[PDB]
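Trainee: This is the structure, below, for whatever I ask next.
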2 protein chains.
Amino acid sequence: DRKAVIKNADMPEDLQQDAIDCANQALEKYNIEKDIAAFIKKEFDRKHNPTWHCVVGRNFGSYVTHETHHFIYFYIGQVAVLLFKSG
Amino acid sequence: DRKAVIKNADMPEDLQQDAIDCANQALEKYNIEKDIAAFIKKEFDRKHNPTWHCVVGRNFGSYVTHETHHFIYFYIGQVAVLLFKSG
């Protein structure tokens with residue numbers, strides 16, 4: 001549905017697409033940011049192997065160390081989504 | 001200086017104290033959330049071994065998988081700080 005604006009990324013494009021689609025689903029299901037983040041993290045552990053970490057919000061900055069090919073940071077509207085596996 | 005309100009944690013108390021003191025230093029040095037987060041992450045890699053991840057902001061939710069004894073989530077004012085090593 002909604003268009004994503006990608007800020008930083010390092011993923012195969014099919015995995016990027018899955019991340020954005022997953023976030024859009026989460027945003028439709030939930031308005032509480034903790035629940036949005038949890039839905040996305042859980043979907044990624046289940047479909048794409050553990051362990052992922054997810055942050056969702058309208059006001060945050062981050063500095064994380066990510067595993068190559070397993071990282072995306074994008075916006076849907078005023079909402080930022082950070083989704084990654086650790087390096 | 002400033003009092004921290006701890007929301008979730010799993011750290012030795014000396015490491016918790018270092019995390020809060022580090023965040024307070026960061027908040028004094030920087031107003032940009034990315035820079036605050038980066039300062040804290042870098043301090044923790046340097047003093048407490050890599051690799052740490054840090055998120056700082058006034059509006060976010062998260063769901064992450066943390067290594068036992070290496071996790072803290074606390075507030076200073078309206079600012080939340082998430083600092084952890086991955087499980």
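Each chain of the structure tokens is named A, B, ... in the order shown, its residues numbered from 1; ligands are numbered from 1 in display order.
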Would you kindly return, as a VMD selection string, each protein, DNA or RNA residue with an atom no farther than 10 Å from any atom of residue 38 of chain B, considering only C-alpha atoms and excluding same-chain residues fewer than 6 positions away?

Mentor: (chain A and resid 61 to 64) or (chain B and resid 26 44 53 to 56)

Trainee: Determine, using only C-alpha atoms, which residues of chain A have any atom at most 10 Å from an atom of chain B, and tabulate each with its shortest atom pair and distance in Å to one decimal place, rows ordered by chain and then rising number, as JSON lines.

Mentor:
{"residue": "A:32", "atom": "CA", "partner": "B:61", "partner_atom": "CA", "distance": 7.8}
{"residue": "A:33", "atom": "CA", "partner": "B:61", "partner_atom": "CA", "distance": 4.6}
{"residue": "A:34", "atom": "CA", "partner": "B:61", "partner_atom": "CA", "distance": 4.2}
{"residue": "A:35", "atom": "CA", "partner": "B:61", "partner_atom": "CA", "distance": 7.7}
{"residue": "A:36", "atom": "CA", "partner": "B:61", "partner_atom": "CA", "distance": 7.9}
{"residue": "A:37", "atom": "CA", "partner": "B:62", "partner_atom": "CA", "distance": 5.4}
{"residue": "A:38", "atom": "CA", "partner": "B:63", "partner_atom": "CA", "distance": 5.1}
{"residue": "A:39", "atom": "CA", "partner": "B:63", "partner_atom": "CA", "distance": 8.7}
{"residue": "A:40", "atom": "CA", "partner": "B:63", "partner_atom": "CA", "distance": 8.8}
{"residue": "A:41", "atom": "CA", "partner": "B:63", "partner_atom": "CA", "distance": 6.7}
{"residue": "A:42", "atom": "CA", "partner": "B:63", "partner_atom": "CA", "distance": 8.8}
{"residue": "A:50", "atom": "CA", "partner": "B:65", "partner_atom": "CA", "distance": 9.3}
{"residue": "A:51", "atom": "CA", "partner": "B:65", "partner_atom": "CA", "distance": 7.0}
{"residue": "A:52", "atom": "CA", "partner": "B:64", "partner_atom": "CA", "distance": 6.9}
{"residue": "A:53", "atom": "CA", "partner": "B:64", "partner_atom": "CA", "distance": 4.3}
{"residue": "A:54", "atom": "CA", "partner": "B:63", "partner_atom": "CA", "distance": 5.4}
{"residue": "A:55", "atom": "CA", "partner": "B:62", "partner_atom": "CA", "distance": 4.2}
{"residue": "A:56", "atom": "CA", "partner": "B:61", "partner_atom": "CA", "distance": 5.3}
{"residue": "A:57", "atom": "CA", "partner": "B:60", "partner_atom": "CA", "distance": 3.8}
{"residue": "A:58", "atom": "CA", "partner": "B:59", "partner_atom": "CA", "distance": 5.5}
{"residue": "A:59", "atom": "CA", "partner": "B:59", "partner_atom": "CA", "distance": 4.3}
{"residue": "A:60", "atom": "CA", "partner": "B:57", "partner_atom": "CA", "distance": 3.8}
{"residue": "A:61", "atom": "CA", "partner": "B:34", "partner_atom": "CA", "distance": 4.2}
{"residue": "A:62", "atom": "CA", "partner": "B:55", "partner_atom": "CA", "distance": 4.2}
{"residue": "A:63", "atom": "CA", "partner": "B:38", "partner_atom": "CA", "distance": 5.1}
{"residue": "A:64", "atom": "CA", "partner": "B:53", "partner_atom": "CA", "distance": 4.3}
{"residue": "A:65", "atom": "CA", "partner": "B:53", "partner_atom": "CA", "distance": 6.4}
{"residue": "A:66", "atom": "CA", "partner": "B:53", "partner_atom": "CA", "distance": 9.1}
{"residue": "A:79", "atom": "CA", "partner": "B:60", "partner_atom": "CA", "distance": 9.2}
{"residue": "A:80", "atom": "CA", "partner": "B:60", "partner_atom": "CA", "distance": 8.7}
{"residue": "A:81", "atom": "CA", "partner": "B:60", "partner_atom": "CA", "distance": 9.4}
{"residue": "A:82", "atom": "CA", "partner": "B:62", "partner_atom": "CA", "distance": 9.1}
{"residue": "A:83", "atom": "CA", "partner": "B:64", "partner_atom": "CA", "distance": 9.6}
{"residue": "A:84", "atom": "CA", "partner": "B:64", "partner_atom": "CA", "distance": 9.7}
{"residue": "A:85", "atom": "CA", "partner": "B:86", "partner_atom": "CA", "distance": 8.5}
{"residue": "A:86", "atom": "CA", "partner": "B:86", "partner_atom": "CA", "distance": 6.3}
{"residue": "A:87", "atom": "CA", "partner": "B:51", "partner_atom": "CA", "distance": 7.5}

Trainee: Got a sec: who's within 6 Å of segment 1-16 of chain B, counting only C-alpha atoms, leaving out chain neighbours fewer than 3 positions off, as a CSV table (one decimal) with N, CA and C atoms, in the first residue's frame?

Mentor:
chain,number,residue,atom,x,y,z
B,19,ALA,N,26.4,3.5,32.0
B,19,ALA,CA,25.5,3.8,30.9
B,19,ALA,C,24.7,5.1,31.1
B,69,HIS,N,22.6,-9.8,30.7
B,69,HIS,CA,23.6,-8.9,31.4
B,69,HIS,C,24.1,-7.7,30.5
B,70,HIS,N,23.6,-7.5,29.3
B,70,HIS,CA,24.1,-6.4,28.5
B,70,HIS,C,22.9,-5.6,27.9
B,71,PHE,N,22.0,-5.1,28.7
B,71,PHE,CA,20.9,-4.4,28.2
B,71,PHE,C,20.4,-3.3,29.2
B,72,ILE,N,20.0,-2.2,28.6
B,72,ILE,CA,19.4,-1.1,29.4
B,72,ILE,C,18.5,-0.2,28.6
B,73,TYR,N,17.3,0.2,29.1
B,73,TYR,CA,16.4,1.1,28.4
B,73,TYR,C,15.9,2.1,29.5
B,74,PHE,N,16.3,3.3,29.4
B,74,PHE,CA,16.0,4.3,30.4
B,74,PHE,C,15.6,5.7,29.8
B,75,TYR,N,15.1,6.6,30.6
B,75,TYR,CA,14.7,7.9,30.2
B,75,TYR,C,15.6,8.9,30.9
B,76,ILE,N,16.0,10.0,30.2
B,76,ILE,CA,16.4,11.2,30.9
B,76,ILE,C,15.5,12.3,30.4

Trainee: Run DSSP on the backbone of this structure and report the residues of chain A it assigns to helix (DSSP H, G or I), as a PyMOL selection string.

Mentor: chain A and resi 13-29+33-48

Trainee: Give the strand (DSSP E) residues of chain A, as DSSP finds them on the backbone, and put them as a VMD selection string.

Mentor: chain A and resid 5 to 10 53 to 63 66 to 76 79 to 86

Trainee: What is the distance between atom CA of residue 47 of chain A and atom CA of residue 18 of chain A, in Å to one decimal?

Mentor: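 These two atoms are separated by 9.8 Å.
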